[PDB]
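**Student:** Numbered as in our numbering, the sequence shown ends at 261 without a single skipped number.
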Amino acid sequence: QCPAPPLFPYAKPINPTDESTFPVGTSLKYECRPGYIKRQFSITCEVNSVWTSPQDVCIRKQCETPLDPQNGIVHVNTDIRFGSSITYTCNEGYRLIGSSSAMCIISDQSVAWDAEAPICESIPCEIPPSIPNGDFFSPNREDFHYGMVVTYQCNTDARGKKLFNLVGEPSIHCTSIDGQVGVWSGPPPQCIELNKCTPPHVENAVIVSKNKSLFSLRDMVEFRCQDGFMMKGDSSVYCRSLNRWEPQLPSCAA
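Printed below as a string of structure tokens:
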């Protein structure tokens, strides 16, 4: 009263023969297919004319233990057996080279990852910017990677004495915004002559006096707060030594 056995995706019959009718109590010899741990078993035709195979008879074969790449991680979403997949990511300051994923597939008479694990390499940087009248200090002057810091310094005169004022942040570091290209954290500083002041900025104010690309000692700057802003400090300031202003730069508060 049993029909022909089911067509199992995980198993095949050891000795298939031409037939389509089996009485209850009939046992047939089956085998696990490629990608499953080798096992020979029996399927039985039960009293209700339905075929029953033993529970968890065919176990999917395991692929090699994945490792986390150095400076990266391996992500096991299900397991490390036949048909499953793994993905890889690199850590902050590193970029992936190779395959970001692998699948556990049939390889010859066993199973294997259809891709090799990737490399997570340090994000490189271009040489930091050149600045007129100064330079940066580095043990390696032409090799930069994520995290590295460079400090700039102004050139001295022919007698080794201070000749310029270093204006702005003296240090910058190799970073990345996209996790692929290395960028310097900010702009390099400027090396300004000792009798000069760089153009002053006061938020929510305009200069009403003559603007200059660069000011000289005792040059005056007059500021005006924008509409609806209140002034704190004197509106007229003069260029001092060390890129300073006397009185100090004013402020505009809403």
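Ideal placement from N, C-alpha and C gives every residue a C-beta, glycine not left out.
#1: Can you name the start and end residues of the beta strand (DSSP E) that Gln-160 belongs to?
#2: Please work out which residues of its chain come closer than 6 Å, Cβ to Cβ, to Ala-124, disregarding the five sequence neighbours upstream and downstream, and give them in chain order.
#3: So what does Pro-194 bridge to, in DSSP terms?
#4: Just to confirm, is the Cβ distance from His-82 to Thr-96 under 8 Å?
#5: Alpha carbon to alpha carbon, how far is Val-188 from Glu-128? Give it in angstroms, no decimals.
#6: Suppose the cutoff is 7 Å on Cβ atoms and the five residues either side in sequence are ignored; what does the same chain contact list for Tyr-17 look like?
#7: Which partner residues of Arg-102 appear in the DSSP bridge assignment?
#8: Rounded to whole angstroms, what is the Cα-Cα separation between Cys-161 and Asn-250?
#9: If you pair each beta-carbon of the region 179-186 with each one of the region 197-216, do three or more pairs fall below 8 Å?
#10: Would you call the region 202-210 and the region 252-261 touching, i.e. three or more CB-CB distances under 8 Å?
#11: What residues are listed by DSSP as bridge partners for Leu-170?
#12: Could you give the distance in angstroms between the alpha-carbon of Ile-112 and the alpha-carbon of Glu-99?
#13: Within the same chain, show all residues whose beta-carbon is closer than 6 Å to that of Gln-233, passing over the 5 residues directly before and after it, in chain order.
#14: Which residue wins for smallest C-alpha separation from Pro-23, given the options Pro-30, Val-31, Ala-11?
#15: Taking its Cβ as the centre, do 16 or more other Cβ atoms sit within 10 Å of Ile-138, making it buried, or is it exposed?
#16: Using the three-state DSSP reduction, which class does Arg-46 fall into: helix, strand or coil?
#17: Cα-Cα, which of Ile-104, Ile-93, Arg-102, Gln-255 is closest to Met-110?
#18: Assuming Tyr-95 is part of the beta strand (DSSP E), what are its boundary residues?
#19: Do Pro-195 and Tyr-159 count as a contact pair if the criterion is CB distance below 8 Å?
#20: Measuring straight from C-alpha to C-alpha, what distance separates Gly-79 and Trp-191?
#21: Just to confirm the assignment, what range does the beta strand (DSSP E) spanning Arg-251 have?
#22: Work out the CA separation of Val-244 and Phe-236 for me, nearest whole Å.
#23: Which residues does DSSP pair with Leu-221 in a beta bridge?
#24: Could you give the distance in angstroms between the alpha-carbon of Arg-88 and the alpha-carbon of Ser-34?
#25: When the Cα of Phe-48 is compared with those of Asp-142, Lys-36, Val-57, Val-54, which residue comes out closest?
**Tutor:** Taking the structure as given:
#1: Here residue 160 refers to the residue found at position 153 when the sequence shown is read from its first residue. Element bounds for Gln-160: 156-161.
#2: In the sequence shown, residue 124 corresponds to position 117, counting from 1. Short of 6 Å from the beta carbon of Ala-124, and not among the five residues preceding or following it, lie these beta carbons of its own chain, in chain order: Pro-76.
#3: Taking the first residue of the sequence shown as 1, we reach residue 194 at position 187. Residue pairing of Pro-194 in beta bridges, as defined by DSSP: absent, with no partner found.
#4: Counting from 1 along the sequence shown, the entry for residue 82 is found at position 75. Counting from 1 along the sequence shown, the entry for residue 96 is found at position 89. Contact: yes.
#5: Here the question's residue 128 lines up with position 121 in the sequence shown. Here the question's residue 188 lines up with position 181 in the sequence shown. In this structure, the alpha-carbon of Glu-128 lies about 12 Å from that of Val-188.
#6: If you number the sequence shown from 1, residue 17 lands on position 10. A distance below 7 Å between beta-carbons, with the five flanking residues on each side excluded, links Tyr-17 to the following residues of its chain, in chain order: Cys-39, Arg-40, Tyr-43, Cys-65.
#7: On the sequence shown, position 95 is the one that residue 102 refers to. Per DSSP, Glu-128.
#8: For the purposes of this step, residue 161 is taken as the residue at position 154 of the sequence shown. For the purposes of this step, residue 250 is taken as the residue at position 243 of the sequence shown. Annotation: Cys-161 to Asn-250 spans about 14 Å, alpha carbon to alpha carbon.
#9: Judged by pairs of C-beta atoms under 8 Å, the region 179-186 does not touch the region 197-216, as fewer than three such pairs exist.
#10: Verdict: yes, contact present.
#11: The sequence position of residue 170 within the sequence shown is 163, counting from 1. According to DSSP, which records beta bridges pairwise, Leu-170 is partnered with nothing at all.
#12: Within the sequence shown, numbered from 1, the residue matching residue 112 stands at position 105. Within the sequence shown, numbered from 1, the residue matching residue 99 stands at position 92. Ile-112 and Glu-99: Cα-Cα distance of roughly 31 Å.
#13: Along the sequence shown, one-based indexing puts residue 233 at 226. Around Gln-233: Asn-211.
#14: Walking along the sequence shown from the start, residue 23 turns up at place 16. Answer by Cα proximity: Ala-11.
#15: Translated into positions along the sequence shown, residue 138 becomes position 131. That one is buried.
#16: Here residue 46 corresponds to residue number 39 of the sequence shown, with the count starting at 1. Three-state DSSP puts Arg-46 in coil, outside helix and strand.
#17: Residue mapping note: residue 110 aligns to position 103 of the sequence shown, counting from 1. If we check each option's Cα against that of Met-110, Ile-93 comes out closest.
#18: On the sequence shown, position 88 is the one that residue 95 refers to. Per DSSP, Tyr-95 belongs to the beta strand (DSSP E) from 92-97.
#19: Translated into positions along the sequence shown, residue 159 becomes position 152. Translated into positions along the sequence shown, residue 195 becomes position 188. With respect to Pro-195, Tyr-159 sits close: the two C-beta atoms are nearer than 8 Å.
#20: Position 72 of the sequence shown, counting from 1, holds the residue named residue 79. Position 184 of the sequence shown, counting from 1, holds the residue named residue 191. Whole-angstrom Cα-Cα distance: 23 Å.
#21: If you number the sequence shown from 1, residue 251 lands on position 244. Per DSSP, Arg-251 belongs to the beta strand (DSSP E) from 251-253.
#22: Within the sequence shown, residue 236 is the residue found at index 229, counting from 1. Within the sequence shown, residue 244 is the residue found at index 237, counting from 1. Here the alpha carbons of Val-244 and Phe-236 stand approximately 19 Å from one another.
#23: Start at 1 with the first residue of the sequence shown, and residue 221 comes out as number 214. In the DSSP output, where bridge partners are listed per residue, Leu-221 has none listed.
#24: For the purposes of this step, residue 88 is taken as the residue at position 81 of the sequence shown. For the purposes of this step, residue 34 is taken as the residue at position 27 of the sequence shown. Answer to the nearest angstrom: the Cα atoms are 30 Å apart.
#25: Here residue 48 corresponds to residue number 41 of the sequence shown, with the count starting at 1. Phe-48 has its Cα closest to that of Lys-36, out of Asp-142, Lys-36, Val-57, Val-54.
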